[PDB]
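Values below: every heavy atom of this structure, side chains too, minus hydrogens, waters and symmetry copies. Whatever order the structure lists ligands and atoms in, that order sets their numbers, starting from 1. Chain identifiers are assigned alphabetically (A, B, ...) following the order of the sequence lines, protein sequences preceding nucleic acid strands; residue numbering begins at 1 within each chain.
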Amino acid sequence: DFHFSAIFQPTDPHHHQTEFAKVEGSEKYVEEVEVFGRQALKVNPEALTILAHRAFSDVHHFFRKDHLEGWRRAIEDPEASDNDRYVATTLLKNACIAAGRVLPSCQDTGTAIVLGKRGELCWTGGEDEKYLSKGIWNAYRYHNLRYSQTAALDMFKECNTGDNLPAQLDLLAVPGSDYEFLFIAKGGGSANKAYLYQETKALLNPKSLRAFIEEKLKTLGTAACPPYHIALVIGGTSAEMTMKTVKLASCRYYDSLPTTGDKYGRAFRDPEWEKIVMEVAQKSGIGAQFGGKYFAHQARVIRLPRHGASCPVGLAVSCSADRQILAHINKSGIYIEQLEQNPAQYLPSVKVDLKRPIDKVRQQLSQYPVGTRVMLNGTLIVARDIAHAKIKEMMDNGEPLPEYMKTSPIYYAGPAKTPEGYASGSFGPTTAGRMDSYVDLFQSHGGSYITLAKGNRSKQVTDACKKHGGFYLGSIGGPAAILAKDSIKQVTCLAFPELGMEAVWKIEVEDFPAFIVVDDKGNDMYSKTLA
Amino acid sequence: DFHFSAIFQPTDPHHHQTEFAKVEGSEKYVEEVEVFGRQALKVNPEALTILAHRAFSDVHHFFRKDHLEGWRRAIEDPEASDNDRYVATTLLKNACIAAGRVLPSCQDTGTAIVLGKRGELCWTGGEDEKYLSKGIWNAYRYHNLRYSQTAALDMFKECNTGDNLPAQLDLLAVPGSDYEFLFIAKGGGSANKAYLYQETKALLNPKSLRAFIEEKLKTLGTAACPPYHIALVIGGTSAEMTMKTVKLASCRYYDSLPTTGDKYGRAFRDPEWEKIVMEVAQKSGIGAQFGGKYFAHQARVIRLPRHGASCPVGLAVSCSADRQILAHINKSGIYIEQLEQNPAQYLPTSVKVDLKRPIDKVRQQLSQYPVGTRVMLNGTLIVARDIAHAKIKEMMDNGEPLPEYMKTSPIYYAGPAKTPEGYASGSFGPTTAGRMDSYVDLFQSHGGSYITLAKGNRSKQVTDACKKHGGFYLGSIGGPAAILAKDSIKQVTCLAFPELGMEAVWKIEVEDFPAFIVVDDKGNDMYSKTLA
Ligand SMILES: O=C(O)C[C@H](S)C(=O)O
Ligand SMILES: O=C(O)C[C@H](S)C(=O)O
Ligand code: SF4
Ligand code: SF4
């Protein structure tokens, strides 16, 4: 009566649908052997270093076809909004610059995540975590990436690790003699849009589930740089299993799952509800960041078994910095997924002078409604999470709001490392909502009247800008390389240099595009689509 | 220069602080060999079946010392409330019954979870998932446990799998030649109290974090049968990593982590904030289910590294059915954690309600008493939980009446485990009440569900419904399923929907069934102050 049924039964478990290139000469790192009658593979652990280094180098300069096709679709679709096409064109042009292998596609080169599947008879010497980490360390140290990891010295005292370690190393024990991998360079803001809901049987009917999807999609907002790859997981054997599954779904790792369930509880993709998710995304009007049809590239919906008392639900996105790369080691060597190296084949405003007293800039912005495109020319002061927290603490101790918060628009951003001979490394915006708790306070103390970042913000920011005569400008989210190449002319560290990329910067910019998202009158570009 | 630092650096990675018993004769399943100069272990995969079967048998009848000590503390502490002592005594007596190896400690024998760590040179043949699953299958099939897993035939059509499979099998590749395990029989309602928050640097100061903890602990309520082992994880490299870590923390798997961080971002346990979590839990007044000090047994707080843009936070509990067991396979055979076989060593006023009356007379009697009154129920209960409620609502949406069997007796939210030979009932404690909240006003408007019996605090809509319709919600003690079955449940019959398995509608006869009036017919709620 016993019948074993694996929860996940992909028809393409080894991802034969993906194209791989072999690392030249890498057969020297492997040797097929036969031990106690079974075929085994000896793997020099240096192969893990070589592989992780190339994976976390390639993934920052190239994209998958399904991602690039989505941007082209947003440009060519007659039903796309003007802003849809503008954002998608900008992101495609950014990808063309990133393909030069100098500037990464996003300033947030992400957390390094490794999903590894080591066969029973794949023998590495066992130090896999160290050798993978060395390859990751090499990639972030010797390329123009960013150190984004924050170590906790105690509960509240933190420092940057200075090398983008530690990585997340999830190494699984599986049958066979190969070693199979998924490498993910996961952006922080898209990682933040991984949500867990604890639901019930009352959700599991067509009307309730549709309404749930409509409600939860809006909570993604534009804070993770859409168009999104949207993943939705209904059910699971635990919260952590649901959230792992929705991460992998967003990487299209489970595309080959069955599409029907059975009495043993196997996982399945649900194409009918993927289409419903896409209908909700298109009809939302949220669009590719600034209103339209292209909130989502595509959708993945996976239905999982559940304890009768339980219904965990996971929702997650892959952002414009859609960065994953499959790989495997076998008796022939090291194979790595081939990304698109020629993204160019997929391609088919009010001037604001910042070199003035800030009150004159505010006066000019007050002449325009939300949704107006602007082009900024002049100085920006750059500050994000830790700098804002340190400045609030200073004011709580009776110190003034610093002069540099009162002279220029505040750009929420943290740069990647500067290539030799370049004025700036990749340097796109940070999610604005994380700074919302500071805006009324800083404006009440005479600063932060104009902020520049990406993503929709909470009502407290709209209220603050109306009370204090402020503005929130939305940069396009994601196009960090083209912003650096074309707009950023000078970069200087202003304060808190120990914070690394989170230091306060002073930058000089030209032709920096943005939209007026929140004005000084109570209006919000997102008030209709993200209410 | 490059310096590798593992995130997790326990000082006791093989859990030497835990006592293990050897499975007699199990060295016959292993053989030490040497290939390419390296020591390897051949393991007969039948060892995986034997180990999983014993693990998911033992864990339903015995508890760890730190769990039992927590119940004893709630009895002996002068600061414990009278209800704290009553609940902890009931749970200890339940454990004494479960130690008889016939009735499981809870009717929810849980989801079977296996965390495995297979050494590079531990050679099983590779069919680990099947052989582990067979042992789990054996444990749930041939013992008086419960089939709790629900398969999705399509997005909405469901059926019970009938064997408590599939299991969650997380098998990791690690150094060496051994095989190490943590087995968890995870209750559904405590699994539901695993929460993920997406926070920011603005949280990471003493005032904000303390207020956050106070707010979020209240959202656990009593819905997962406290006293809780409370686990809190601040940070993490991804949502799924944070939630895995908070699960393992609640199982005390990370107790030997360092207690300080470093510039490489290693994880650490934070004893100062564990003490703060315990102070918040104690001062909340929520107590061991019915007001008092013993909301929590103990706390685990793990601080993790984070991307500068990110601060995932995990909060989770282990419930009264605190069920995990460590194990390992090595050159000497199969070893399994030794749980406490003699829980009795930890052991040191009510209104009688006759349910064998017209339901309106029972309502009239209950209306005489305030919330917090302890009652003892004698008579018939109609038993229905999530799927039966959904099916009955669907019938009503299609124009059918509320069934008469929903109008004659109080409704007990519960699903029984299998009945031992010669017993009137298997373990048969209550289901979480909150999951049925959306049905109460509707059913009461149609003349039924005026009195409900379950565990956990409920939402405001239920308080409002009971005031509008002259209803009551009675809180059973949560967790003591074996002593309820042994002493209180006298007859069990299936009344409707037999295809739902444990989720069928049952008609049961009970005696001396304890409960508290949680919501009355006047707008009052026993939890309105502690869980406001
Ligand atoms: O770290 C970054 O630069 C981008 C992320 S998405 C953020 O700040 O929200
Ligand atoms: O399944 C059970 O019997 C107990 C769980 S905790 C529940 O239903 O709330
Ligand atoms: S594309 Fe946007 S969300 Fe994604 S990593 Fe870059 S800034 Fe963050
Ligand atoms: S003790 Fe309570 S929460 Fe835990 S499994 Fe049993 S009924 Fe569910």
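- Between A:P312 and A:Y197 there is no side-chain heavy-atom pair separated by less than 4.5 Å.
- Taking 4.5 Å as the limit, every side-chain heavy atom of A:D385 sits out of range of all side-chain heavy atoms of A:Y412.
- Checked against the 6.0 Å centroid threshold, A:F56 and A:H143 do not count as a close aromatic pair.
- Under a 4.0 Å N-O distance rule, the pair B:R146/B:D108 qualifies as a salt bridge.
- Atom CG of B:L339 is separated from atom CZ of B:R323 by 12.0 Å, given to the nearest 0.5 angstrom.
- Neighbouring protein atoms of atom 2 (Fe) of ligand 4 (N, O or S, distance under 2.8 Å, waters ignored): B:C225 SG.
- With ring centers used as reference points, B:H67 lies 6.0 Å or more from B:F62.
- Listed by chain and number, the residues in a ring-ring contact (aromatic ring centres under 6.0 Å, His included) with B:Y147 amount to none (sequence neighbours excluded).
- Taking the side chain to side chain contact (heavy atoms under 4.5 Å, CB included) definition, one finds that B:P430 meets it with B:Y412, B:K455, B:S476, B:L484, sequence neighbours left out.
- Side-chain contact of A:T451 with A:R457: a donor-acceptor pair under 3.5 Å is present, judged by distance alone.
- Judged by distance alone, with hydrogens and angles left aside, the side-chain atoms of B:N83 form a donor-acceptor pair with the main-chain N or O of B:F290 at under 3.5 Å.
- Using 4.0 Å as the threshold, B:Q107 has a heavy atom nearer than that to some atom of ligand 4.
- Near ligand 2, residues A:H307, A:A309, B:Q107, B:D108, B:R146, B:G189, B:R385, B:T431, B:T432, B:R435, B:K455 each place a heavy atom inside the 4.0 Å sphere around the ligand atoms.
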